[PDB]
Amino acid sequence: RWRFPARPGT
Amino acid sequence: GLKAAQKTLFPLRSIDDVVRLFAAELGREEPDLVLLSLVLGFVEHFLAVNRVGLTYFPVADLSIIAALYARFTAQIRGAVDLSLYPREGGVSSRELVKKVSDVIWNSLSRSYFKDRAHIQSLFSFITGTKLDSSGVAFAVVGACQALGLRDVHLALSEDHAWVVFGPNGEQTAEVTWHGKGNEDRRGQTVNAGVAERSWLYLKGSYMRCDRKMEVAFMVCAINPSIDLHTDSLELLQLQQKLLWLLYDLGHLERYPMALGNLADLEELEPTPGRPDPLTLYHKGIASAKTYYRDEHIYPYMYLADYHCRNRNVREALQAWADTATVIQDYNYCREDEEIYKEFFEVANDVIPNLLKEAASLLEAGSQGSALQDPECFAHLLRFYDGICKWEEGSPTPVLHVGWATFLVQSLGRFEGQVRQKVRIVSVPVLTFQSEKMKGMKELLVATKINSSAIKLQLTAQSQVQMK
């Protein structure tokens, strides 16, 4: 999937 | 575009050769964002997307990288005619930035899943005509550098990206989309969002990158995921080494989230002779306090997640309390849903699971339990106080009855004798900022908490069932 770069958590 | 001195390290045959390239570029007047993003994307493609044939490292030949570089620069130079947009005095115009944003946007595949992994780099843009949300903003900044527009820089909040430019770097422009089913605002400033005190625009305490920090962003944007269960060790190592390179040069000083990321990688695989993860998490918090008015949420979330993973209940609760003390001074707005989801998961899943285990361990005779520590009960109360204060003055509510059962359960995990020790005072000792928690003070020390009364106080609900 996609997470904003360097957001914490999984 | 590519100068002779940029080419001498190719071919890149290892992680360390990629690090050497980054070192060389970070030593130049301005690191070449296009070169570096193409290299990362190439290496990521062959280590995470398609590992067929891999024996050690995907060798990056100059001919291959230069041809991708040339495709990018040809596309941007041909589509953006600079003569149409005269530049006074090292300053780009809003019209020029919008033109570059339109060229990138208009190049993308008509229809694709925007939420995929591995679509962050200029390698994805060239080979797949696909970019994720923040990738579009990075690509606009890389295009602007390739055009000679030294004043155009990446701006980052904790959940969005845009650009700054112009006289003194003081202008802002939207260049990409945010979230799912929001309306484009490309070309516009971020001033309405700053004025409304949303988390998305950090009350104006967002990051204004220089070129070195744009390099740090692309490094943080590396995605080692191969699938849901497997990461590339190679890409983890590369990311970790590049982050230390940037750290040593000073380029993470103003980048809290990168410091958290580095701490996370050190916990997974410690580098001998480097700072502990905790030191790095604290450095991230210090960066937010020093450069961003202590208006960031994620420095504290990074710290809390580390304590949670290590089942340090006390320190996890303290860091989530600190998280909530930041959010309390924001207004919850329409496009802040990601941080609502994070608070919801902590209050209604993560904390309940931590306290359930703590309850079992206390039953088995644990000593020094968070459940027998009034300071830990105070941190739980401070967490909810900050969320209630966040809701005050907001255009959209936060709390609802689906929070209330978890609050009652969590409160109940501390015995009355522990709860009684906290002294709640007006302006272990705790002061509440929120009107909702002030009204709940009375209920917090009974041996058996009054569930219905708590529910009434936490929510907009003011009546009970008629029959």
# chains A, B, ... in the order shown; residues from 1 in each chain; ligands from 1

$ closest_atom_pairs --of "stretch 13-123 of chain B" --to "chain A" --cutoff "6 Å" --atoms "only C-alpha atoms" --output "Markdown table"
| residue | atom | partner | partner_atom | distance |
| --- | --- | --- | --- | --- |
| B:115 | CA | A:2 | CA | 4.8 |
| B:116 | CA | A:1 | CA | 4.8 |
| B:117 | CA | A:1 | CA | 5.3 |

$ write_last_selection --atoms "N, CA and C atoms" --output "PDB file, in the first residue's frame"
ATOM      1  N   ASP B 115      -2.309   4.418  -4.496  1.00  0.00           N
ATOM      2  CA  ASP B 115      -1.958   3.921  -3.177  1.00  0.00           C
ATOM      3  C   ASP B 115      -0.959   2.765  -3.223  1.00  0.00           C
ATOM      4  N   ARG B 116      -0.449   2.445  -4.406  1.00  0.00           N
ATOM      5  CA  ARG B 116       0.531   1.392  -4.575  1.00  0.00           C
ATOM      6  C   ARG B 116       1.881   1.818  -3.977  1.00  0.00           C
ATOM      7  N   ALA B 117       2.660   0.814  -3.625  1.00  0.00           N
ATOM      8  CA  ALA B 117       4.046   0.941  -3.238  1.00  0.00           C
ATOM      9  C   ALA B 117       4.884   1.116  -4.492  1.00  0.00           C
TER      10      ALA B 117
END

$ residues_around --residues "residue B:371" --least-positions-apart "5" --cutoff "12 Å" --atoms "only C-alpha atoms" --output "PDB file with N, CA and C atoms, in the first residue's frame"
ATOM      1  N   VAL B 313       4.926   0.271  29.513  1.00  0.00           N
ATOM      2  CA  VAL B 313       3.580   0.852  29.568  1.00  0.00           C
ATOM      3  C   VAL B 313       3.650   2.292  30.060  1.00  0.00           C
ATOM      4  N   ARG B 314       4.376   2.536  31.141  1.00  0.00           N
ATOM      5  CA  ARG B 314       4.492   3.861  31.680  1.00  0.00           C
ATOM      6  C   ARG B 314       4.968   4.878  30.638  1.00  0.00           C
ATOM      7  N   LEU B 317       2.469   5.467  27.792  1.00  0.00           N
ATOM      8  CA  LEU B 317       1.416   6.363  28.231  1.00  0.00           C
ATOM      9  C   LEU B 317       1.887   7.811  28.350  1.00  0.00           C
ATOM     10  N   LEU B 354      -2.682  -3.043  25.642  1.00  0.00           N
ATOM     11  CA  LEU B 354      -1.579  -2.903  26.581  1.00  0.00           C
ATOM     12  C   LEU B 354      -2.061  -3.085  28.016  1.00  0.00           C
ATOM     13  N   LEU B 355      -3.189  -2.444  28.390  1.00  0.00           N
ATOM     14  CA  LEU B 355      -3.670  -2.515  29.750  1.00  0.00           C
ATOM     15  C   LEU B 355      -4.203  -3.923  30.073  1.00  0.00           C
ATOM     16  N   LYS B 356      -4.785  -4.617  29.084  1.00  0.00           N
ATOM     17  CA  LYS B 356      -5.281  -5.981  29.291  1.00  0.00           C
ATOM     18  C   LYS B 356      -4.122  -6.908  29.670  1.00  0.00           C
ATOM     19  N   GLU B 357      -3.022  -6.846  28.925  1.00  0.00           N
ATOM     20  CA  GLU B 357      -1.829  -7.595  29.265  1.00  0.00           C
ATOM     21  C   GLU B 357      -1.303  -7.159  30.635  1.00  0.00           C
ATOM     22  N   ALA B 358      -1.230  -5.851  30.904  1.00  0.00           N
ATOM     23  CA  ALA B 358      -0.752  -5.427  32.205  1.00  0.00           C
ATOM     24  C   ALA B 358      -1.614  -6.003  33.326  1.00  0.00           C
ATOM     25  N   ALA B 359      -2.934  -6.112  33.127  1.00  0.00           N
ATOM     26  CA  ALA B 359      -3.839  -6.642  34.117  1.00  0.00           C
ATOM     27  C   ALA B 359      -3.509  -8.117  34.387  1.00  0.00           C
ATOM     28  N   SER B 360      -3.234  -8.887  33.325  1.00  0.00           N
ATOM     29  CA  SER B 360      -2.886 -10.291  33.480  1.00  0.00           C
ATOM     30  C   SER B 360      -1.575 -10.428  34.234  1.00  0.00           C
ATOM     31  N   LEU B 361      -0.602  -9.581  33.920  1.00  0.00           N
ATOM     32  CA  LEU B 361       0.693  -9.656  34.574  1.00  0.00           C
ATOM     33  C   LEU B 361       0.592  -9.243  36.040  1.00  0.00           C
ATOM     34  N   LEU B 362      -0.298  -8.286  36.355  1.00  0.00           N
ATOM     35  CA  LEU B 362      -0.494  -7.879  37.748  1.00  0.00           C
ATOM     36  C   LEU B 362      -1.104  -9.025  38.544  1.00  0.00           C
ATOM     37  N   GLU B 363      -2.075  -9.701  37.940  1.00  0.00           N
ATOM     38  CA  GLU B 363      -2.682 -10.898  38.518  1.00  0.00           C
ATOM     39  C   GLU B 363      -1.603 -11.919  38.868  1.00  0.00           C
ATOM     40  N   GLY B 365       1.410 -11.304  39.754  1.00  0.00           N
ATOM     41  CA  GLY B 365       2.284 -10.792  40.806  1.00  0.00           C
ATOM     42  C   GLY B 365       3.352  -9.817  40.333  1.00  0.00           C
ATOM     43  N   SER B 366       3.153  -9.147  39.197  1.00  0.00           N
ATOM     44  CA  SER B 366       4.139  -8.175  38.762  1.00  0.00           C
ATOM     45  C   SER B 366       4.259  -7.013  39.756  1.00  0.00           C
ATOM     46  N   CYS B 376       0.820   6.923  36.018  1.00  0.00           N
ATOM     47  CA  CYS B 376       0.353   6.327  34.781  1.00  0.00           C
ATOM     48  C   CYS B 376      -1.132   6.593  34.575  1.00  0.00           C
ATOM     49  N   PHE B 377      -1.911   6.542  35.670  1.00  0.00           N
ATOM     50  CA  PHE B 377      -3.300   6.919  35.553  1.00  0.00           C
ATOM     51  C   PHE B 377      -3.382   8.386  35.110  1.00  0.00           C
ATOM     52  N   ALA B 378      -2.560   9.272  35.684  1.00  0.00           N
ATOM     53  CA  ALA B 378      -2.536  10.677  35.279  1.00  0.00           C
ATOM     54  C   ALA B 378      -2.185  10.820  33.788  1.00  0.00           C
ATOM     55  N   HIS B 379      -1.242  10.030  33.273  1.00  0.00           N
ATOM     56  CA  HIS B 379      -0.937  10.127  31.835  1.00  0.00           C
ATOM     57  C   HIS B 379      -2.155   9.734  30.968  1.00  0.00           C
ATOM     58  N   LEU B 380      -2.880   8.681  31.350  1.00  0.00           N
ATOM     59  CA  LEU B 380      -4.095   8.293  30.644  1.00  0.00           C
ATOM     60  C   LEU B 380      -5.109   9.439  30.632  1.00  0.00           C
ATOM     61  N   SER B 410     -10.756   1.332  30.210  1.00  0.00           N
ATOM     62  CA  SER B 410      -9.392   1.684  30.540  1.00  0.00           C
ATOM     63  C   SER B 410      -9.284   2.272  31.946  1.00  0.00           C
ATOM     64  N   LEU B 411     -10.179   3.200  32.290  1.00  0.00           N
ATOM     65  CA  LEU B 411     -10.213   3.767  33.631  1.00  0.00           C
ATOM     66  C   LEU B 411     -10.272   2.647  34.655  1.00  0.00           C
ATOM     67  N   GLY B 412     -11.134   1.664  34.380  1.00  0.00           N
ATOM     68  CA  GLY B 412     -11.428   0.573  35.316  1.00  0.00           C
ATOM     69  C   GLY B 412     -10.244  -0.372  35.527  1.00  0.00           C
ATOM     70  N   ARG B 413      -9.258  -0.344  34.629  1.00  0.00           N
ATOM     71  CA  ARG B 413      -8.040  -1.143  34.772  1.00  0.00           C
ATOM     72  C   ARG B 413      -7.151  -0.674  35.919  1.00  0.00           C
ATOM     73  N   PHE B 414      -7.398   0.540  36.436  1.00  0.00           N
ATOM     74  CA  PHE B 414      -6.708   1.034  37.619  1.00  0.00           C
ATOM     75  C   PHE B 414      -7.661   0.920  38.798  1.00  0.00           C
ATOM     76  N   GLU B 415      -7.217   0.324  39.901  1.00  0.00           N
ATOM     77  CA  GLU B 415      -8.092   0.209  41.043  1.00  0.00           C
ATOM     78  C   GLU B 415      -8.386   1.568  41.638  1.00  0.00           C
ATOM     79  N   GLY B 416      -9.492   1.703  42.352  1.00  0.00           N
ATOM     80  CA  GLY B 416      -9.893   2.930  42.984  1.00  0.00           C
ATOM     81  C   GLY B 416      -8.802   3.532  43.860  1.00  0.00           C
ATOM     82  N   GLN B 417      -8.080   2.688  44.620  1.00  0.00           N
ATOM     83  CA  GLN B 417      -7.005   3.128  45.498  1.00  0.00           C
ATOM     84  C   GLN B 417      -5.859   3.791  44.729  1.00  0.00           C
ATOM     85  N   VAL B 418      -5.606   3.389  43.490  1.00  0.00           N
ATOM     86  CA  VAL B 418      -4.607   4.038  42.669  1.00  0.00           C
ATOM     87  C   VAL B 418      -5.158   5.360  42.134  1.00  0.00           C
ATOM     88  N   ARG B 419      -6.390   5.322  41.632  1.00  0.00           N
ATOM     89  CA  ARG B 419      -7.020   6.484  41.022  1.00  0.00           C
ATOM     90  C   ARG B 419      -7.132   7.634  42.012  1.00  0.00           C
TER      91      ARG B 419
END

$ atom_distance --atom1 "atom CA of residue B:320" --atom2 "atom CA of residue B:197"
21.0 Å

$ residues_around --residues "residue B:97" --least-positions-apart "2" --cutoff "12 Å" --atoms "only C-alpha atoms" --output "mmCIF file with N, CA, C and O atoms, in the first residue's frame"
data_model
loop_
_atom_site.group_PDB
_atom_site.id
_atom_site.type_symbol
_atom_site.label_atom_id
_atom_site.label_comp_id
_atom_site.auth_asym_id
_atom_site.auth_seq_id
_atom_site.Cartn_x
_atom_site.Cartn_y
_atom_site.Cartn_z
ATOM 1 N N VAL B 80 8.082 22.910 -20.988
ATOM 2 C CA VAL B 80 8.119 24.159 -20.237
ATOM 3 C C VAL B 80 9.058 25.123 -20.977
ATOM 4 O O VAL B 80 10.277 25.086 -20.834
ATOM 5 N N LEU B 82 10.686 28.456 -20.784
ATOM 6 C CA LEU B 82 11.027 29.474 -19.799
ATOM 7 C C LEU B 82 10.898 30.909 -20.280
ATOM 8 O O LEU B 82 10.680 31.824 -19.463
ATOM 9 N N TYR B 85 7.916 32.883 -19.204
ATOM 10 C CA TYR B 85 7.792 33.149 -17.769
ATOM 11 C C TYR B 85 9.023 33.882 -17.263
ATOM 12 O O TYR B 85 9.827 33.317 -16.514
ATOM 13 N N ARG B 87 12.013 35.607 -15.409
ATOM 14 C CA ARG B 87 12.365 35.550 -13.997
ATOM 15 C C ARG B 87 13.175 36.786 -13.603
ATOM 16 O O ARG B 87 14.317 36.911 -14.019
ATOM 17 N N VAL B 91 13.984 34.636 -8.855
ATOM 18 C CA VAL B 91 12.662 34.382 -8.304
ATOM 19 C C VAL B 91 11.763 33.830 -9.405
ATOM 20 O O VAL B 91 11.552 34.443 -10.450
ATOM 21 N N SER B 92 11.120 32.671 -9.125
ATOM 22 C CA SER B 92 10.158 32.095 -10.016
ATOM 23 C C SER B 92 8.772 32.672 -9.765
ATOM 24 O O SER B 92 8.473 33.167 -8.690
ATOM 25 N N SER B 93 7.914 32.597 -10.747
ATOM 26 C CA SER B 93 6.559 33.090 -10.679
ATOM 27 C C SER B 93 5.599 31.971 -10.353
ATOM 28 O O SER B 93 5.848 30.800 -10.673
ATOM 29 N N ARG B 94 4.432 32.345 -9.877
ATOM 30 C CA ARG B 94 3.390 31.379 -9.597
ATOM 31 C C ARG B 94 2.976 30.660 -10.888
ATOM 32 O O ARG B 94 2.704 29.461 -10.860
ATOM 33 N N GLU B 95 2.885 31.420 -11.993
ATOM 34 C CA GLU B 95 2.507 30.834 -13.289
ATOM 35 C C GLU B 95 3.492 29.756 -13.744
ATOM 36 O O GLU B 95 3.078 28.699 -14.258
ATOM 37 N N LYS B 99 2.771 25.814 -14.237
ATOM 38 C CA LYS B 99 3.085 25.146 -15.498
ATOM 39 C C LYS B 99 3.857 23.851 -15.261
ATOM 40 O O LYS B 99 3.520 22.804 -15.837
ATOM 41 N N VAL B 100 4.883 23.889 -14.414
ATOM 42 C CA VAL B 100 5.638 22.682 -14.131
ATOM 43 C C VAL B 100 4.753 21.631 -13.465
ATOM 44 O O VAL B 100 4.791 20.450 -13.835
ATOM 45 N N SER B 101 3.899 22.035 -12.509
ATOM 46 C CA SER B 101 2.990 21.114 -11.875
ATOM 47 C C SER B 101 2.033 20.457 -12.896
ATOM 48 O O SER B 101 1.825 19.230 -12.899
ATOM 49 N N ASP B 102 1.528 21.268 -13.854
ATOM 50 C CA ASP B 102 0.647 20.762 -14.883
ATOM 51 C C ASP B 102 1.345 19.756 -15.814
ATOM 52 O O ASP B 102 0.772 18.724 -16.138
ATOM 53 N N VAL B 103 2.618 20.037 -16.132
ATOM 54 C CA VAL B 103 3.364 19.125 -17.000
ATOM 55 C C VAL B 103 3.515 17.760 -16.336
ATOM 56 O O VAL B 103 3.317 16.717 -16.967
ATOM 57 N N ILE B 104 3.860 17.713 -15.051
ATOM 58 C CA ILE B 104 3.966 16.456 -14.340
ATOM 59 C C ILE B 104 2.608 15.756 -14.263
ATOM 60 O O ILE B 104 2.459 14.594 -14.604
ATOM 61 N N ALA B 137 4.727 16.086 -5.916
ATOM 62 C CA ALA B 137 5.369 17.290 -5.410
ATOM 63 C C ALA B 137 6.875 17.169 -5.559
ATOM 64 O O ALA B 137 7.547 18.120 -5.967
ATOM 65 N N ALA B 139 8.539 15.428 -7.723
ATOM 66 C CA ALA B 139 8.852 15.497 -9.156
ATOM 67 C C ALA B 139 8.788 16.931 -9.684
ATOM 68 O O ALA B 139 9.628 17.338 -10.520
ATOM 69 N N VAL B 140 7.856 17.740 -9.167
ATOM 70 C CA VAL B 140 7.786 19.140 -9.554
ATOM 71 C C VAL B 140 9.072 19.857 -9.116
ATOM 72 O O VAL B 140 9.667 20.642 -9.875
ATOM 73 N N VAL B 141 9.562 19.594 -7.908
ATOM 74 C CA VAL B 141 10.769 20.230 -7.409
ATOM 75 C C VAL B 141 11.986 19.754 -8.219
ATOM 76 O O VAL B 141 12.837 20.566 -8.615
ATOM 77 N N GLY B 142 12.047 18.486 -8.592
ATOM 78 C CA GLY B 142 13.151 17.976 -9.410
ATOM 79 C C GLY B 142 13.148 18.597 -10.801
ATOM 80 O O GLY B 142 14.236 18.980 -11.283
ATOM 81 N N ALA B 143 11.979 18.735 -11.379
ATOM 82 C CA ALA B 143 11.810 19.391 -12.679
ATOM 83 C C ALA B 143 12.269 20.832 -12.579
ATOM 84 O O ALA B 143 12.941 21.370 -13.458
ATOM 85 N N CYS B 144 11.906 21.531 -11.498
ATOM 86 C CA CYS B 144 12.272 22.925 -11.350
ATOM 87 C C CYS B 144 13.779 23.044 -11.206
ATOM 88 O O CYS B 144 14.407 23.931 -11.801
ATOM 89 N N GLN B 145 14.414 22.165 -10.460
ATOM 90 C CA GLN B 145 15.882 22.190 -10.375
ATOM 91 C C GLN B 145 16.489 21.974 -11.766
ATOM 92 O O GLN B 145 17.452 22.669 -12.133
ATOM 93 N N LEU B 147 15.410 22.837 -14.515
ATOM 94 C CA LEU B 147 15.148 24.057 -15.268
ATOM 95 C C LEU B 147 15.990 25.233 -14.781
ATOM 96 O O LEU B 147 15.918 26.301 -15.407
ATOM 97 N N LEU B 149 15.675 26.564 -11.550
ATOM 98 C CA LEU B 149 14.856 27.401 -10.672
ATOM 99 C C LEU B 149 15.231 27.125 -9.214
ATOM 100 O O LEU B 149 14.587 26.321 -8.501
ATOM 101 N N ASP B 151 15.048 28.616 -6.496
ATOM 102 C CA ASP B 151 14.196 29.088 -5.413
ATOM 103 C C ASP B 151 13.030 28.135 -5.128
ATOM 104 O O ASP B 151 12.394 28.337 -4.097
ATOM 105 N N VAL B 152 12.728 27.172 -5.997
ATOM 106 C CA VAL B 152 11.573 26.281 -5.804
ATOM 107 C C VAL B 152 11.999 25.121 -4.912
ATOM 108 O O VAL B 152 12.915 24.374 -5.260
ATOM 109 N N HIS B 153 11.290 24.933 -3.796
ATOM 110 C CA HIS B 153 11.650 23.943 -2.795
ATOM 111 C C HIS B 153 10.412 23.192 -2.324
ATOM 112 O O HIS B 153 9.273 23.647 -2.417
ATOM 113 N N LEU B 154 10.678 22.001 -1.816
ATOM 114 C CA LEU B 154 9.625 21.141 -1.255
ATOM 115 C C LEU B 154 9.248 21.623 0.157
ATOM 116 O O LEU B 154 10.120 21.866 0.956
ATOM 117 N N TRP B 162 3.865 20.231 -0.684
ATOM 118 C CA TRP B 162 3.607 21.298 -1.649
ATOM 119 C C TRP B 162 4.941 21.944 -1.955
ATOM 120 O O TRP B 162 5.992 21.388 -1.652
ATOM 121 N N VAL B 163 4.916 23.153 -2.538
ATOM 122 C CA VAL B 163 6.164 23.853 -2.829
ATOM 123 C C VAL B 163 6.166 25.283 -2.258
ATOM 124 O O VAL B 163 5.082 25.901 -2.117
ATOM 125 N N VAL B 164 7.372 25.760 -1.953
ATOM 126 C CA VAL B 164 7.585 27.151 -1.669
ATOM 127 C C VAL B 164 8.489 27.715 -2.764
ATOM 128 O O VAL B 164 9.240 26.963 -3.377
ATOM 129 N N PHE B 165 8.436 29.037 -2.970
ATOM 130 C CA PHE B 165 9.210 29.688 -4.009
ATOM 131 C C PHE B 165 9.162 31.183 -3.786
ATOM 132 O O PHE B 165 8.450 31.698 -2.911
ATOM 133 N N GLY B 166 9.833 31.877 -4.702
ATOM 134 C CA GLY B 166 9.447 33.252 -4.973
ATOM 135 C C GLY B 166 10.317 34.172 -4.139
ATOM 136 O O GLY B 166 11.295 33.728 -3.530
ATOM 137 N N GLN B 171 6.436 32.468 -0.923
ATOM 138 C CA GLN B 171 5.215 32.069 -1.568
ATOM 139 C C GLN B 171 5.032 30.553 -1.413
ATOM 140 O O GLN B 171 5.997 29.787 -1.409
ATOM 141 N N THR B 172 3.764 30.141 -1.338
ATOM 142 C CA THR B 172 3.412 28.723 -1.309
ATOM 143 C C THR B 172 2.513 28.381 -2.485
ATOM 144 O O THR B 172 1.681 29.167 -2.943
ATOM 145 N N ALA B 173 2.658 27.161 -3.032
ATOM 146 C CA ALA B 173 1.718 26.656 -4.011
ATOM 147 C C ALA B 173 1.466 25.153 -3.829
ATOM 148 O O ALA B 173 2.410 24.377 -3.745
ATOM 149 N N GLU B 174 0.218 24.784 -3.911
ATOM 150 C CA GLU B 174 -0.206 23.415 -4.024
ATOM 151 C C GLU B 174 0.208 22.905 -5.396
ATOM 152 O O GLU B 174 -0.025 23.601 -6.393
ATOM 153 N N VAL B 175 0.730 21.690 -5.446
ATOM 154 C CA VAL B 175 1.147 21.103 -6.720
ATOM 155 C C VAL B 175 0.644 19.691 -6.894
ATOM 156 O O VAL B 175 0.965 19.100 -7.966
ATOM 157 N N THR B 176 0.008 19.068 -5.898
ATOM 158 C CA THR B 176 -0.495 17.708 -5.971
ATOM 159 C C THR B 176 -1.843 17.590 -5.272
ATOM 160 O O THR B 176 -2.385 18.575 -4.758
ATOM 161 N N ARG B 186 -4.563 22.829 -6.680
ATOM 162 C CA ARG B 186 -3.287 23.082 -7.300
ATOM 163 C C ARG B 186 -3.211 24.547 -7.744
ATOM 164 O O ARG B 186 -4.210 25.086 -8.252
ATOM 165 N N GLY B 187 -2.099 25.198 -7.460
ATOM 166 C CA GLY B 187 -1.911 26.584 -7.856
ATOM 167 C C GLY B 187 -2.171 27.539 -6.703
ATOM 168 O O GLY B 187 -1.628 28.641 -6.687
ATOM 169 N N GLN B 188 -2.958 27.105 -5.749
ATOM 170 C CA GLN B 188 -3.321 27.985 -4.635
ATOM 171 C C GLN B 188 -2.272 27.951 -3.516
ATOM 172 O O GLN B 188 -1.470 27.025 -3.381
ATOM 173 N N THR B 189 -2.326 28.979 -2.662
ATOM 174 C CA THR B 189 -1.530 29.012 -1.432
ATOM 175 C C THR B 189 -2.097 28.019 -0.427
ATOM 176 O O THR B 189 -3.206 27.528 -0.552
#

$ residues_around --residues "residue B:60" --least-positions-apart "2" --cutoff "9 Å" --atoms "only C-alpha atoms" --output "ChimeraX atom specification"
/B:10-14,39,42-43,57-58,62-65

$ write_last_selection --atoms "N, CA and C atoms" --output "short mmCIF file (atom, residue, chain, number, x, y, z; two decimals), in the first residue's frame"
data_model
loop_
_atom_site.label_atom_id
_atom_site.label_comp_id
_atom_site.auth_asym_id
_atom_site.auth_seq_id
_atom_site.Cartn_x
_atom_site.Cartn_y
_atom_site.Cartn_z
N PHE B 10 30.07 5.49 -11.76
CA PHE B 10 29.35 4.39 -12.38
C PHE B 10 30.36 3.43 -13.00
N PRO B 11 30.02 2.15 -13.10
CA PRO B 11 28.73 1.62 -12.62
C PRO B 11 28.61 1.47 -11.11
N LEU B 12 27.38 1.62 -10.59
CA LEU B 12 27.15 1.37 -9.18
C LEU B 12 26.88 -0.11 -8.97
N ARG B 13 27.76 -0.78 -8.19
CA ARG B 13 27.72 -2.23 -8.11
C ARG B 13 27.31 -2.75 -6.75
N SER B 14 27.02 -1.83 -5.81
CA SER B 14 26.72 -2.20 -4.45
C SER B 14 25.99 -1.07 -3.74
N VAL B 39 18.35 6.88 -9.58
CA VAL B 39 19.16 5.79 -9.04
C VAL B 39 18.40 5.00 -7.97
N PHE B 42 15.55 2.97 -9.56
CA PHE B 42 16.11 1.85 -10.31
C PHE B 42 16.45 0.72 -9.34
N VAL B 43 17.19 1.05 -8.28
CA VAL B 43 17.67 0.06 -7.33
C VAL B 43 16.50 -0.57 -6.58
N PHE B 57 23.30 -7.42 -6.23
CA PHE B 57 22.86 -6.04 -6.28
C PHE B 57 22.59 -5.74 -7.75
N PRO B 58 21.52 -4.97 -8.05
CA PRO B 58 21.27 -4.55 -9.41
C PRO B 58 22.23 -3.49 -9.87
N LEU B 62 25.91 3.42 -16.19
CA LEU B 62 25.76 4.78 -16.63
C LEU B 62 24.86 4.91 -17.84
N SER B 63 25.02 4.05 -18.87
CA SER B 63 24.21 4.17 -20.05
C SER B 63 22.71 4.13 -19.74
N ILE B 64 22.33 3.29 -18.79
CA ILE B 64 20.94 3.09 -18.43
C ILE B 64 20.45 4.32 -17.66
N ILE B 65 21.20 4.75 -16.65
CA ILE B 65 20.77 5.88 -15.84
C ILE B 65 20.77 7.16 -16.66
#

$ closest_atom_pairs --of "chain B" --to "chain A" --cutoff "7 Å" --atoms "only C-alpha atoms" --output "CSV"
residue,atom,partner,partner_atom,distance
B:115,CA,A:2,CA,4.8
B:116,CA,A:1,CA,4.8
B:117,CA,A:1,CA,5.3
B:159,CA,A:4,CA,6.2
B:220,CA,A:5,CA,5.6
B:221,CA,A:5,CA,4.8
B:257,CA,A:6,CA,5.5
B:258,CA,A:6,CA,6.0
B:261,CA,A:6,CA,5.7
B:298,CA,A:8,CA,6.8
B:301,CA,A:8,CA,6.9
B:302,CA,A:8,CA,5.5
B:305,CA,A:9,CA,6.9

$ closest_atom_pairs --of "stretch 45-143 of chain B" --to "stretch 223-246 of chain B" --cutoff "9 Å" --atoms "only C-alpha atoms" --output "tab-separated table"
residue	atom	partner	partner_atom	distance
B:47	CA	B:232	CA	6.6
B:48	CA	B:226	CA	4.7
B:49	CA	B:226	CA	6.5
B:50	CA	B:226	CA	8.8
B:57	CA	B:234	CA	8.1
B:117	CA	B:223	CA	7.1
B:118	CA	B:223	CA	6.4
B:120	CA	B:223	CA	8.7

$ write_last_selection --atoms "N, CA, C and O atoms" --output "PDB file, in the first residue's frame"
ATOM      1  N   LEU B  47      15.223  -4.507  -6.459  1.00  0.00           N
ATOM      2  CA  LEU B  47      15.356  -5.168  -5.174  1.00  0.00           C
ATOM      3  C   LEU B  47      14.015  -5.427  -4.519  1.00  0.00           C
ATOM      4  O   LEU B  47      13.965  -6.245  -3.588  1.00  0.00           O
ATOM      5  N   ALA B  48      12.926  -4.752  -4.931  1.00  0.00           N
ATOM      6  CA  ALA B  48      11.644  -4.940  -4.281  1.00  0.00           C
ATOM      7  C   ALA B  48      10.556  -5.296  -5.277  1.00  0.00           C
ATOM      8  O   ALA B  48       9.663  -6.030  -4.903  1.00  0.00           O
ATOM      9  N   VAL B  49      10.534  -4.718  -6.492  1.00  0.00           N
ATOM     10  CA  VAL B  49       9.417  -4.937  -7.398  1.00  0.00           C
ATOM     11  C   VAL B  49       9.630  -6.213  -8.210  1.00  0.00           C
ATOM     12  O   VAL B  49       8.683  -6.999  -8.361  1.00  0.00           O
ATOM     13  N   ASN B  50      10.837  -6.394  -8.750  1.00  0.00           N
ATOM     14  CA  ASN B  50      11.203  -7.554  -9.569  1.00  0.00           C
ATOM     15  C   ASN B  50      12.630  -7.993  -9.222  1.00  0.00           C
ATOM     16  O   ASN B  50      13.593  -7.456  -9.749  1.00  0.00           O
ATOM     17  N   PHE B  57      23.298  -7.418  -6.226  1.00  0.00           N
ATOM     18  CA  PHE B  57      22.862  -6.039  -6.284  1.00  0.00           C
ATOM     19  C   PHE B  57      22.590  -5.743  -7.747  1.00  0.00           C
ATOM     20  O   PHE B  57      23.399  -6.105  -8.613  1.00  0.00           O
ATOM     21  N   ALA B 117       2.660   0.814  -3.625  1.00  0.00           N
ATOM     22  CA  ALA B 117       4.046   0.941  -3.238  1.00  0.00           C
ATOM     23  C   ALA B 117       4.884   1.116  -4.492  1.00  0.00           C
ATOM     24  O   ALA B 117       4.519   0.671  -5.571  1.00  0.00           O
ATOM     25  N   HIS B 118       6.048   1.733  -4.299  1.00  0.00           N
ATOM     26  CA  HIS B 118       7.092   1.810  -5.296  1.00  0.00           C
ATOM     27  C   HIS B 118       6.720   2.733  -6.457  1.00  0.00           C
ATOM     28  O   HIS B 118       7.241   2.550  -7.560  1.00  0.00           O
ATOM     29  N   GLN B 120       6.990   6.230  -6.034  1.00  0.00           N
ATOM     30  CA  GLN B 120       7.359   7.499  -5.406  1.00  0.00           C
ATOM     31  C   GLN B 120       8.462   8.224  -6.176  1.00  0.00           C
ATOM     32  O   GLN B 120       8.634   9.454  -5.972  1.00  0.00           O
TER      33      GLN B 120
END

$ select_by_dssp --residues "stretch 12-208 of chain B" --states "alpha helix (DSSP H)" --output "PyMOL selection string"
chain B and resi 15-26+33-44+62-79+94-107+122-128+133-146+191-195
